[PDB]
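For reference, the structure discussed in these notes is given below.
Only the coordinates and a few stated rules stand behind these numbers; no lab work does. So basically every Cβ, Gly included, is an ideal-geometry build from the backbone, and we count neighbours across all protein chains shown.
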Amino acid sequence: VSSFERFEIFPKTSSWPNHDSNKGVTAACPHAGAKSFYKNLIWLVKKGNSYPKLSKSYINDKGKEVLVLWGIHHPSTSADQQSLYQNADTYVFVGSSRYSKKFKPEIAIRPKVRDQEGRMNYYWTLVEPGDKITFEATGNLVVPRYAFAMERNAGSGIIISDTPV
Amino acid sequence: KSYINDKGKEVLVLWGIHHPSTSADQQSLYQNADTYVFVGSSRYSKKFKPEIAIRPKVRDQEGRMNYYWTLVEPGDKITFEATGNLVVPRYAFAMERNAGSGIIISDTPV
């Protein structure tokens, strides 16, 4: 890949009226001495004391291929599941003509890493032109906010070095 | 149950998950139904739901057991949690890699 266009596939202000996108921060990702998160993902939480169902989709109007990333939160205790998502025995679904996977969130006290007994797994996929990607969850979904449209160059690579540029 | 790596070098841990033939066999050996098994660490994170069927009888056994393994980094905790169908480790191994070694399949005498 050489070219790169960041666009708001799911805008923050809109597209989540029934869910909240503001308390999704953590101390594991600090910035400027404050609790922050990833700039391309939003940690959806319960709206007040309710996490309604999810049904969101996107269609590729950008022409070229699109790269989409998201995450699944796996809290430590069952109380943490209710405190952030209310509903229990939740499910997360991401589907398209290429991707089809349902994730059952699962709960355990994983070893504390960076002041966090929980874990989050980050996933990615590619969207073909004229293809719809669908999202559906009752909890434990970190929805994409900024996706990427790209075109492959050919002669490029990755170099690991400390050499100055 | 948990273990912390005080051995300094890496540790290899192995265990197993039993999958009985009939649901009666689940109660006869583990009582609880709809059990779950969890093994977790900074490297390993997997929950196994034991699942039950009459697999073909091999060595006088219609059930199956799957054997798993992982590596524990220095200063890392590995946690175990199950309501049944867990074959816990007893003897683990601490190791250091040499370099020039391998595996040879032969009938030649030593």
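Some observations on this one:
- Per-residue ellipticity at 222 nm computed for chain A from its helices equals -1500 deg cm²/dmol, with DSSP H segments shorter than 4 residues left out and the rest contributing -39,500 (n - 2.57).
- Divided by 2.2 N^0.38 Å, where N counts the residues, the Cα radius of gyration of chain A comes to 1.13.
- Where GluC sites (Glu not before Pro) fall in DSSP loop in the stretch A:80-165, at most 15 other Cβ within 10 Å: A:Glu117, A:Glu151
- Percent of alpha-carbon pairs separated by more than 22 Å within the stretch A:1-80: 38
- Around the amide H of B:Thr83, modelled in the peptide plane, lie the amide H atoms of B:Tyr36, all under 5 Å away and 5 or more residues distant in sequence or on another chain.
- Legend: distances between Cα atoms for A:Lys46/A:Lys132; A:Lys53/B:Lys77; A:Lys35/B:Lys77; B:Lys1/B:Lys57; A:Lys46/A:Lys102; A:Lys12/B:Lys77; pairs beyond 31 Å are A:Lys53/B:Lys77; B:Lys1/B:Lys57; A:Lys12/B:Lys77.
- Taken about its Cα centre, chain A carries a charge dipole of roughly 260 debye when the Cβ of each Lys and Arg holds +1 and the Cβ of each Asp and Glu holds -1.
- Summed side-chain charge close to A:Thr26 - residues other than A:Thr26 whose Cβ falls under 11 Å, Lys, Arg +1, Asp, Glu -1: +2
- Choice from B:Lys47, B:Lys57, B:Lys77 with maximal GNM fluctuation in chain B (Cα, 10 Å cutoff): B:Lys57
- The Cβ shell under 13 Å around B:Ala82 holds other residues with a net charge of +2, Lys and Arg each +1, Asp and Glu each -1.
- Only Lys, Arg (+1) and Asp, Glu (-1) charged, at Cβ; the stretch B:28-85 dipole about Cα centre in debye: 160
- Placing pseudo-labels 7 Å out from each Cα toward the beta carbon at B:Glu73 and B:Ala94 gives an inter-label distance of 1.9 nm.
- Rounded to the nearest whole Hz, the Karplus-based 3J(HN,Hα) values (6.51 cos²θ - 1.76 cosθ + 1.60, θ = phi - 60°) of the stretch A:38-43 follow the sequence 6, 7, 10, 10, 10, 8, with x at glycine and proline.
- Amide proton proximity set for A:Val66, modelled H, under 5 Å, gap of 5+: A:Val127
- 10 Å binning of all Cα-Cα separations within the protein assembly as shown, expressed as whole percents from 0 upward: 5, 20, 24, 25, 18, 6, 1, 0
- Per-residue ³J(HN,Hα) for the stretch A:149-165, Karplus 6.51 cos²θ - 1.76 cosθ + 1.60, θ = phi - 60°, Hz, x for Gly and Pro: 9, 8, 9, 6, 7, 1, x, 9, x, 10, 10, 9, 7, 9, 5, x, 9
- For peptide A:101-110, the mean count of partner chain Cβ atoms within 10 Å of a residue's Cβ comes to 3.
- Surrounding net charge for B:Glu10, when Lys and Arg each add one and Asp and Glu each subtract one, Cβ distance under 11 Å: +1
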